[PDB]
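What follows is a set of notes on a single structure, which appears directly below.
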Amino acid sequence: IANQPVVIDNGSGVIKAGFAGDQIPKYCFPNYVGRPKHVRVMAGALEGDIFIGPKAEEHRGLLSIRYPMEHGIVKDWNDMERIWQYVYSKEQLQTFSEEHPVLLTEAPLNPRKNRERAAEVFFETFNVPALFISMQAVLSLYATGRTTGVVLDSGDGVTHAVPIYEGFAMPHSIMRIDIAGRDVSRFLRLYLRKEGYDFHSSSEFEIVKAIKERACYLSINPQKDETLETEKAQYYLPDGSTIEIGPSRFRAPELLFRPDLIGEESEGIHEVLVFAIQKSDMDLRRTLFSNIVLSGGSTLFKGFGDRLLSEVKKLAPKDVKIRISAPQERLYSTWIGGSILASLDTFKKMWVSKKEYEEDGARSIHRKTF
Amino acid sequence: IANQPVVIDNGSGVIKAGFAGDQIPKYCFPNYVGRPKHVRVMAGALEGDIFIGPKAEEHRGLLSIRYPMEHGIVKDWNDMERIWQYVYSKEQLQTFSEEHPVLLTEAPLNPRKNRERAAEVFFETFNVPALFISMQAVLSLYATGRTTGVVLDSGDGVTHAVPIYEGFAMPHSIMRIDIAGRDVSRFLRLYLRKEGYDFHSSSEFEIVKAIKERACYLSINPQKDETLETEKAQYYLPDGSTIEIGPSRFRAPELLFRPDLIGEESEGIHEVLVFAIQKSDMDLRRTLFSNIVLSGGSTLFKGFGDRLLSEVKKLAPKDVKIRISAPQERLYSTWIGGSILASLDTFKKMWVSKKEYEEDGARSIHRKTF
Amino acid sequence: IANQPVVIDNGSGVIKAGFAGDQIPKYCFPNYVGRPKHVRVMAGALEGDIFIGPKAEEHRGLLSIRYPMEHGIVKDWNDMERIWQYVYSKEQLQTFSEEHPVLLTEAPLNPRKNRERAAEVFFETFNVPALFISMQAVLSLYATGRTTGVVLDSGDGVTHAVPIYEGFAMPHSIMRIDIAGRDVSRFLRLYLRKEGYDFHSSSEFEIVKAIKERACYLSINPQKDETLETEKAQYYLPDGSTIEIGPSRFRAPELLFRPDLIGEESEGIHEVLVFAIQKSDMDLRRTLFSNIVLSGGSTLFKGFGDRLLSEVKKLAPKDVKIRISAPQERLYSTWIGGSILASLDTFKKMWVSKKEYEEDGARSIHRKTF
Amino acid sequence: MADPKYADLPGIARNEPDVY
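Going down the list, the protein sequences come from chains A, B, C and D.
Residue numbering for the first sequence follows my numbering, beginning at 991 and increasing consecutively.
Residue numbering for the second sequence follows my numbering, beginning at 991 and increasing consecutively.
Residue numbering for the third sequence follows my numbering, beginning at 991 and increasing consecutively.
Residue numbering for the fourth sequence follows my numbering, beginning at 301 and increasing consecutively.
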């Protein structure tokens, strides 16, 4: 039973889905399970009471949105099961879980208990013939067509750097922080309360993400922007009310480089990228500096790569050629590589079959991933 | 026992009744109990001494009229029991109370003691098999065919704006004010005494309602009409004596928008419509502005809808699509939706049965309405 | 110029005033401006046309009251200028603003624009020699004499919990809600209308506060109190008409614990207290649990601290010593600590002088507070 | 002490019992 396998790029913010050997993921929607805040009195209302995908994006104001997945660590399993059931349902894919093998994605250095429970869901609740969990950094390199390179990515949950050299991922040189898009949006929300405009509700949180996506830019010199007075640019909400954002728009994404602002003494994106290159072997460092691949959502800030370069110029050894490559399709780079990995003939050897899982269990899944 | 159920659209000014699945209510009559002032010396007179419906409208001058219901809250319960008995009697419906289920209507945010006392009357004095109390806003949307939209209504009793988005009524955004048609008619009478043509008797009060219905208009700019001098247009009374109305015609319905004139600091219709939309969540506000439904008799003033839009343009955020829709039969809006709701098969599940009331009591009625 | 400084404890509900180095504030009055509704035909009336303090409390019925501050955020700046002028005037303090340094108070995480405009008022309109702004939690701990303490406060506007440990206020562990005494009083008013007794005017609103202050208690188990039938206790108005309160007395303060009753998903008082301790560092949690201090007026409900213990026992880790402390003088705890802070010799270093304000501006005020 | 509002018999604090 070797049908066209399904690639599901998991993540805290957004969940991409689709079939192998496609150019772009056709089925992208945000990873959350909205449930109604108000009491349905009238008949002919929205049926079901559990809303995932575009219906949730259309009817945000009704639904109390809550995310099941934080920092690449699923908290609520019942919600993730309903999301994966929605992916496979007739509203999006129009296929059965029994036909196709699955390609799953997870962030590196996650809990092994979550990986086991992920496999239990796909093998037992859904009746998948073969599952395969893989890393995001390896898939991003598949999408670019490279073999060498450090992979700085920044989704909604996790920011991590994986140094890989000619198809040799170094697990001990991996760095990781739990400071990413969601924490930047949460830090922006807190700053807008200091400005004046509060967005306390859970549906109203999605407005802060929309402000962060559109109206934010990373300044090169933060001390110079702090001394100067801002212009206070405007932004229109979904209602119509105007909002002067002020200095919060540039100070909000600075969380990624300075994680002491939120109150969590970590490295930062630029330090993680240097640390990953430093922890790797001496002869590989110069090739790892030249090949740096960007990915995820929080790399799409304005002047992000300019600041990332300037930070590497500050930290790294002098007279060394830095190159921070960035594709066009940075959000879908992790999915595209999965679709490439799925299409290859080697894919049949990498996966965990259903029969193999029934015999061994979790140990076979831990062996095949690494 | 599932007979063709009775709809009783309750109201302070007018009461409308009939059966389920009918196009228009056949039995529309005013909600009051006229009792004779004068002594009956001569034989062959009007018998009964308690007049309801067309007999009371025909013989106004004899009868000391008194309304049992003020602001959707019955004070005189004995009179409402006599009205409901008159509805069921051979003079109007020609049916038994024991056969048919009842669809009663009440305004939102009323006293719960009146709701229990309403149920006691229908279950014990009349022997109803099944009763159901509903809201005026939900029924108006059933009549139109929509699910979305704010329902601004203004009868003789209450003015209230209930925001409902896709079959989800929000109970904490329901605005209400006791400033409706009866208070406008009372304010018109007080103005006509200032003009010269005073009225005092209860039969004579209904002439002021007839003046309010016919010869009144809401100006767009009230300050401009105040500076200009009126023409003093005429109106002929039921007797024959002419009355030059003057500025009392246009300043009377201004009470609905300016409740400071009668001497009671409340919101007003236009503020209630905006406040109900503003109390809801951010994403639903623009859809609630696009769908505004008018209802009741006090929305039928000349230039009322034009003034409502001007007030919404003033208060609401700029560059938003406003649309104040309405039915053709604005007085029969709530009844038609009830007749639709009654004829649905789900109506059997919604109601409070007689057996369920005898077991539980008031708690089961408070569990089924809201 | 170092005279005996003034301690203005701001707040939406009540404004306390007086001099430094005192046991209790001499000048306590509610924070609102009263202006007359009606016309003054007869001479020898109450002069001024603006009523603040005991005159406004005495003559409520005339005055259309309006609160300048909502949730520790002054909306009407002209009204607060009149109140602060009234505080300084001969009717209360009997002193000039030019002599004494000022100690101002604000809730944490407020708009910075309001803090700037507050400083502008005290430095420009009034001619203050030196101003200092402080937090509620730091002042509450000064009054008790502690350094370690989580300060769960609950005023009229804001509820929050700042976790301080040995003179180290953690700014990122601060949890805040805009649900407090005013919203509970507004929620009680809505229930009383559902019971039967309607209140609408601003003078009439303060009766609902007086009912909330007197006859309200927090049930230890709300589901048990729901299933049981209440006793329906009585209360006498200034008019003399009796009011059966019923279940609304115990259900009103449930807004503090369940903020889903008003229809606005927040954390709640008990969750804010736990979340503030959880957001702080690992080793500080057990000391923060042991030192939980209460303050503000909405902590004075009957069985509030008993229920707040039970909620902490439900949420927090098992076998930990919980101690919710609460002084005799909870209402004036914030003022007492300000008077103690003002009396100390370090106070001269912390403040912002008028000369320093004229040179730098708003930036110097933002630097000195944090 | 002097002033309008006080609470009589709440106690200063509510504490859980200390185990060994």
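Ideal placement from N, C-alpha and C gives every residue a C-beta, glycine not left out.
Local Cβ density within 10 Å of residue i, reported as buried at 16 or more and exposed below that
i: residue 1099(A); result: exposed
i: residue 1334(C); result: exposed
i: residue 1164(B); result: buried
i: residue 1360(B); result: exposed
i: residue 306(D); result: exposed
i: residue 1126(B); result: buried
i: residue 1011(C); result: exposed
i: residue 1328(A); result: buried
i: residue 1238(A); result: buried
i: residue 1096(C); result: buried
i: residue 1289(C); result: buried
i: residue 1001(C); result: buried
i: residue 1014(B); result: exposed
Beta-carbon neighbours of residue i, restricted to chain B and to distances below 7 angstroms
i: residue 1050(A); result: 1273
Beta-carbon neighbours of residue i, restricted to chain D and to distances below 9 angstroms
i: residue 1295(C); result: 310, 311, 313, 314
i: residue 1318(C); result: 301, 306, 307, 310, 312
Extent of the continuous beta strand (DSSP E) to which residue i belongs
i: residue 1084(C); result: Run containing residue 1084(C): none; DSSP gives neither H nor E here.
i: residue 1020(C); result: 1017-1020
i: residue 1068(A); result: Here residue 1068(A) belongs to no beta strand (DSSP E); instead the alpha helix (DSSP H) covers 1067-1078.
i: residue 1286(C); result: Neither: residue 1286(C) is in no beta strand (DSSP E) and is coded neither H nor E.
i: residue 1352(C); result: Taken as a continuous stretch (DSSP letters only), residue 1352(C) belongs to no beta strand (DSSP E), being part of the alpha helix (DSSP H) at 1352-1359.
i: residue 1035(A); result: From DSSP, residue 1035(A) is part of no beta strand (DSSP E); its letter is neither H nor E.
i: residue 1024(C); result: 1023-1026
i: residue 1149(B); result: 1149-1154
i: residue 1240(B); result: Segment 1238-1241 is the alpha helix (DSSP H) holding residue 1240(B); no beta strand (DSSP E) there.
i: residue 1139(C); result: 1139-1144
Under 9 angstroms from the C-beta of residue i: neighbouring residues of chain C
i: residue 1184(A); result: 1099, 1100, 1101, 1102
Anticipated Cβ contact below 8 angstroms, residue i with residue j, distance rounded
i: residue 1177(A); j: residue 1055(A); result: In fact, because the Cβ distance is near 19 angstroms, the residues do not count as touching under 8 angstroms.
i: residue 1245(C); j: residue 1296(C); result: About 18 angstroms separates the two Cβ atoms, so there is no contact after all.
i: residue 1316(C); j: residue 1284(C); result: 4 angstroms
i: residue 1120(A); j: residue 1344(A); result: 6 angstroms
i: residue 1036(A); j: residue 1028(A); result: Actually they are not in contact, since the Cβ atoms of residue 1036(A) and residue 1028(A) sit about 11 angstroms apart, beyond 8 angstroms.
i: residue 1008(C); j: residue 1016(C); result: 5 angstroms
i: residue 1208(B); j: residue 1293(B); result: 5 angstroms
Within chain A, partners of residue i - CB distance below 8 angstroms
i: residue 1154(B); result: 1031, 1032
i: residue 1137(B); result: 1032, 1034, 1035
i: residue 1125(B); result: 1031
i: residue 1276(B); result: 1228, 1229, 1230
Limits of the unbroken alpha helix (DSSP H) element including residue i
i: residue 1228(C); result: Taken as a continuous stretch (DSSP letters only), residue 1228(C) belongs to no alpha helix (DSSP H), as it is neither H nor E.
i: residue 1204(C); result: 1192-1204
i: residue 1260(B); result: 1259-1269
i: residue 1332(A); result: 1323-1333
i: residue 1338(A); result: 1337-1340
i: residue 1215(A); result: 1212-1217
i: residue 1294(A); result: 1294-1305
i: residue 1278(B); result: 1275-1280
i: residue 1247(C); result: 1244-1247
Under 7 angstroms by beta carbon: chain C residues contacting residue i
i: residue 1190(A); result: 1256
Per-residue contacts from residue i into chain C (C-beta, under 8 angstroms)
i: residue 1160(B); result: 1253
i: residue 320(D); result: Ordered by position in chain C, no residue passes the 8 angstroms Cβ test against residue 320(D), which lies about 11 angstroms from the chain.
Where residue i meets chain A, residues with beta-carbon distance less than 7 angstroms
i: residue 1307(B); result: 1229, 1230, 1231
7 angstroms Cβ cut-off: residues of chain D touching residue i
i: residue 1018(C); result: 303
i: residue 1290(C); result: 307
Interface partners of residue i on chain B, CB under 8 angstroms
i: residue 1193(A); result: 1271, 1272, 1273
Beta-carbon neighbours of residue i, restricted to chain B and to distances below 9 angstroms
i: residue 1027(C); result: 1250, 1253, 1255
* To do: Any chance you could list the beta strand (DSSP E) runs of at least 3 consecutive residues sitting entirely within the stretch 1160-1186 of chain C, in chain order?
  => Those beta strand (DSSP E) runs which fall completely within the stretch 1160-1186 of chain C and span 3+ residues are 1165-1167.
* Which full runs of the beta strand (DSSP E) of 3+ residues lie inside the stretch 1082-1135 of chain A, going along the chain? -> DSSP runs (the beta strand (DSSP E)) wholly in the stretch 1082-1135 of chain A: 1092-1096, 1120-1125.
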